[PDB]
Amino acid sequence: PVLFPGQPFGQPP
Amino acid sequence: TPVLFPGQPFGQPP
Amino acid sequence: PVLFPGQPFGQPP
Amino acid sequence: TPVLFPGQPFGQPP
Amino acid sequence: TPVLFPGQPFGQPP
Amino acid sequence: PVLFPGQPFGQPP
Amino acid sequence: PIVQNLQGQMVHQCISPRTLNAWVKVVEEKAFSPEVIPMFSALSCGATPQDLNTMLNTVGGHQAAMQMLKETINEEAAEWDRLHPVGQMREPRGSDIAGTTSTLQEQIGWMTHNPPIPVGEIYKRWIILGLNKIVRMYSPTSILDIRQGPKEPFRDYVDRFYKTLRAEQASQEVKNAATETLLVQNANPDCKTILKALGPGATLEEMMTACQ
Amino acid sequence: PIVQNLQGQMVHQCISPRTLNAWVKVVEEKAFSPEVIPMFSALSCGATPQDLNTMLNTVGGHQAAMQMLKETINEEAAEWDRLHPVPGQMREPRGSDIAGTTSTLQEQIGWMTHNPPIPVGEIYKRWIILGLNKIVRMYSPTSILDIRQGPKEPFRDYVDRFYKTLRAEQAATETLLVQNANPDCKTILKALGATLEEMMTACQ
Amino acid sequence: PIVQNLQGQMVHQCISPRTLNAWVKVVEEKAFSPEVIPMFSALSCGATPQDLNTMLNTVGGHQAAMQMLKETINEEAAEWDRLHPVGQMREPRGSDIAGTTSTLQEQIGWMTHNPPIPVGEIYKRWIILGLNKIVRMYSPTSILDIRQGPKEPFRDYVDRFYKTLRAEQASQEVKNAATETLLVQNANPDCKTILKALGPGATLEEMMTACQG
Amino acid sequence: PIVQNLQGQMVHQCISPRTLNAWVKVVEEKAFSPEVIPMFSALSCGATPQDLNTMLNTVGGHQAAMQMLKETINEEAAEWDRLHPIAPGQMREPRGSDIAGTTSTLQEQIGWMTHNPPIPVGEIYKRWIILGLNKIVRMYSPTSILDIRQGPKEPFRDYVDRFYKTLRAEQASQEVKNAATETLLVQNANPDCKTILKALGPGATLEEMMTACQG
Amino acid sequence: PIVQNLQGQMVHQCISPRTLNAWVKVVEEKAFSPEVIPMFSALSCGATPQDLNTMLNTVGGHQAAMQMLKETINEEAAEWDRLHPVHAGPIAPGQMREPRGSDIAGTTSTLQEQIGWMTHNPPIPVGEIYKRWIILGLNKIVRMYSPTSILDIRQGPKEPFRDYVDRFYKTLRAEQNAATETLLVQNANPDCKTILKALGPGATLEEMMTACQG
Amino acid sequence: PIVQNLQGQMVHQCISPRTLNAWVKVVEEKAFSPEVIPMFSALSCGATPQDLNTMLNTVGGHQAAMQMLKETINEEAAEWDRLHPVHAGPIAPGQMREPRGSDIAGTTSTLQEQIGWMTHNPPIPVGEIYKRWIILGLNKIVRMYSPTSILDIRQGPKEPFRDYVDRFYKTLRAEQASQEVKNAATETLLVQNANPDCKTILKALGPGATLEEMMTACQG
């Protein structure tokens, strides 16, 4: 899961 | 045989 | 005549 | 001690 | 003798 | 007096 | 993006305000019309994964579509990590291409390497895949509902026909079938009589000329 | 496009946002009026086949015209392959290669920058303009035969509509211009039997 | 900003009129909507502390938010100093990074040094932090109060949901706790039964397709 | 057009969308007012015959004027042929249609213009076009200089404005404008101004004439 | 202005049409609002005294403000003349003559002289010195054009708290203190007047704005 | 114009569409207001006589002012010819022919000659000399098109003091009175033409107060 809902594109975990 | 069939975009590979 | 009526400017013969 | 003060511009020297 | 006459475009040669 | 009333900015004396 | 300077090397350049503005306006104005995707691809020429994320993050509304887009990216990133298991250089995983676990330096590193790993192009392919899904999902009308009005010019009918056909993004063979059968059939009686009088295998130009 | 820098080099640049917008707007505003094609040609200066497809795909509406354009491209490509059948010999492009369908950007740059060059960009644009010409003729509202000067219409405005119509349809033209004028003009007109300039002066 | 020229050297350039005007209009038109922050970061690409202050100072209204921003900067600058007491180069104070007690030459110095002290990026990090607080503050509705209308299309509801969720942000955890449970729960009875019947693991695409009627 | 790079060389550049748009708008807005031609000359600075044809073809309306322009170009091109009926370091001689960009390629046009000594096929073509534009301006001129009379309430400034604006559009001989300046400017002024202007006596500057009739 | 080429040398460059218009519009649109000053300083980046005078002279109206600006310049130029008296005699080869107050104001100096000073080694930044005088005078004008006092800023009955804080710090900025913090809390409307200070002094504006919403 | 490229070369460039349009619009909007002249000077930065004539010719109306401008050009050109007589004879190798009045005006000189003079060592700034003549003529037009005199400026009853000072120096600027007269005019007329209320307030401050002190005292 690279991207999580509500979180901006390219945002690191 | 035609390069561009009806309905599909320009530069679209076969 | 280089140019013709109805024909664009710089249109080759 | 604080860098910026109320009503005064950003990057304003002390 | 004068450079520009009345009605003459700017920079137009005699 | 570098600048006088009425004269533009950078206007020589 | 990455451009070529006067020394013949591929250097990084900040994304221009004109590009930033152009992308934002085309989304506010055209929403998810089919022609937005080629505009995106053009405005994101030579873009890095960071630049691509920048353009996506600048989108104000359409957060339902943006969320779907993230899921598409997640699907393609997972598949990439499957097809790519783990002084040889470290190859990017799914998150590295999406600019999540990679830095600007690392992104430039992959893109300017010899041979290169176009993380920007791979990422853009993922994005365009998602944008295609959204456009198709947000397609207002089906091709079956396109009917020439009794007073509508043939050109305006054909316009709506192919605009709809483009957004539906059906398979190639399906598009051919709709053009052959649906287009002629769903025309008003005036045009249809003229079109049938030209026989099968008539070009679109011949059809639209005869009904002008 | 493939343009020249300040160091005398032919390199590839991305198509600029200003050019992208200018092409979209001229289609939205002027539709397919005859003066759109020269605007297209000028905005696609030194374009690769990929760039041309980008410009065409960014067009929102006018999908009837766009479909006609593809058919014209098919014809010119089919004709191309018919005229170009099958050591250090370079592979020559097929019809689909020129249209940017089966060719990559590098292959396109390769042909365009070769010595001697194969201008696949200028060949494609040639095909596209052929299609655009047909569309312009297609979107010409009235026929040239249906252009007549009304009693209320000044001669200048009448000639304006005349050559605007004639241009759209794309040569024994002005031989008809004299016939569809007002009875007031045609009488004065036959005096010289003659440049267009003199005709407009006499009917002012 | 400090950019690399066509020759390949890191030089200083004046911020462009187009960049200045773009940032001003974005604030005037979009206020403090979530998408303003990625726009700010993009327009301030390679910006010096001087450039960053220029962009902030050019803002006409929203002085309450600007004051909140000053407070956040003051906090981050003070926290920077507590973590950094004292031919070796002088390291920046909190006020130096904010461009308050540092000149352009000194700002360029830190950024082009080896190793570089990214005072521009460090400053921008503080500003974006402050901007995040403002965006979260200017958020009209709570995520808990986002409920699908009886006649509201599911797509429009999902739009309002993730728009609110974005503005609120979270700690990533609360985002994940809400995106599946809260989204399905706050949907109207008809869509709620369908979505809950679809079960977990259902993509948003699948969810929006099922509730599109 | 043809510009100079950082190597001090004259190379070809694609005509900008801004140049194109500027020309399209000035034609739409200013029509064929006298100041359109100096605008054309400026916008076509260093232009090739190809670029010139582009600017002309982008014009949507005024097709009557464009057809007249075609004829003027034809006559100037046919005359070039009548007045003009290769070396290892030189190039071939351009025909009328070559200058008109009809039978010449971009490479050939670039060749002539960047040559040493240069063959300015761009400036020559421009010359013919401006000749055509001047005829159109004269034709589209609405008023004669004889019909320019100072109104009862019209200030002397606005009168002189209409006077020389009309004089400019008519584009007559140089010294017949002087003949008009000496025998029409004061003659067609209203009685109040005409009394003062004749009181000044011959040999008065326009500045003196306008200051005296400021009330 | 004076910018840096690809070669790396500081060269002179004509002021762009976009910059000229940008300064004209912001004065037409924003008048002398506080945010006009940072806009002016940014548009005049690397500007020469000649460029600065151009921007100032392109201003149509506001001649009362311009005259006040002129004075401020005269004061700063006089003080410069006092602290920098030019010694008589000839100028050494490869050197620039010492600039007077009027030289910095671009009154008695040519463009080539200004370029000479600004690209000298070490540089004499007559452009940055002059702008410092101009910005000083511009600040005086902003304060004078300020309509309202900070003491007369009070929250309306049904006015949102955020809108009140906006008007507060907007007014405060124009007039150019711990008296600001106390004044803000007191001048709040009845309802917010109570809610505001159950958290006590030392509370952030953030904590205040969240407490008085709705 | 003749500008310096990125390699440090003084080369000739065409006038940009922006510069052309900016000059056309400022004339259409501001007419011959005093702030048009600095705008002209900035837009014609490094211009050749050909460029200067181009900007003038693109002007549609205002042909009265344009005619006055030609006459002013004729004056300065004749004054140039009187002070700089062209000596008949062959031109030395590596030198330019000495320019006449019409050469500076771009009437009898080619672009190549203009570029030749401007990029010479030392340069003959024919573009700057011509622009000096044009601006000289434009200043005459501004004074003439100035509708009101400085004597006709007095503060109204309801009109704020700032609005009055605005009209005062706006008029004084367009009048372009001699510097000596201007200083005396401000010290005499400005306070004397204020309403009876403000006029006595300025008196309490005593003669020799700054405009900032005056305007501050007359608020309310």
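Order of the sequence lines sets the chain letters (A, B, ...), proteins ahead of strands, with each chain counted from 1. Basis for what follows: all heavy atoms, side chains included, without hydrogens, waters or symmetry-related copies.
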Answer whether the closest heavy-atom distance between the side chains of [X] and [Y] falls below 4.5 Å.
X: I:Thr48; Y: I:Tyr123; result: no
X: I:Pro34; Y: I:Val135; result: yes
X: I:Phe32; Y: I:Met137; result: no

Considering only heavy atoms, which portion of I:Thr101 lies under 4.5 Å from any heavy atom of chain D: side chain, backbone, both, or neither? side chain
Chain D contact via I:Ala78 - side chain, backbone, both or neither, heavy atoms under 4.5 Å: neither
When heavy-atom pairs shorter than 4.5 Å are enumerated against chain I, which of D:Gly11, D:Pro13, D:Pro6, D:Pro9 gives the highest number? D:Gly11
Quick one: do I:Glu71 and I:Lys133 satisfy salt bridge (charged side-chain N to carboxylate O under 4.0 Å, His left out)? Show the steps, please. CA-CA 11 Å; I:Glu71 293 181 352; I:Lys133 296 182 182 179; over 6 Å; no
